[PDB]
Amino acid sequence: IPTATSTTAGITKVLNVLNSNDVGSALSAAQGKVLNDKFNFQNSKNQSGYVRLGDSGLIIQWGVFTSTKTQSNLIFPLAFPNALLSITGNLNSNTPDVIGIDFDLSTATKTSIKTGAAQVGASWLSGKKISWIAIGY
């Protein structure tokens, strides 16, 4: 009975893993399904949420933070396994305000970063809504 190859039909094993480099055995249909399902990256669609970028390790997070009277903790939807790498954010308003959205990246932790809404000339402002986007791993 012939052995299966690229050029000749024959008998073959069917392997049910994604870490075999055997060029001469078939992948199972089940592992095709596992691979397809992996495109549905782990995520949360919450107001403040996250999405894992495949198996790269990178995680994008986002949310709406409400400022307080000091530069205070913005708590990530998902703790970063390693670190926040970068973050950006903007005022959410229906009035023409110029507010400094300032992040203390130098003291960020795996779970939070100090975030504030600065007034021109003055100190931190409370009650400002800030939409932010971050990446880390």
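Numbering starts at 1 and follows the sequence shown.
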Which is higher on average in the deposited entry, the C-alpha temperature factors of 66-74 or of 87-95? 66-74
Higher-scoring stretch by recorded Cα B factor average, 116-124 or 15-23: 116-124
Out of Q31, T111, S106, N46, which residue has the highest Cα temperature factor in the PDB record? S106
Within this chain's modelled residues, let me know which third the CA B factor of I133 belongs to: lowest, middle or highest. lowest
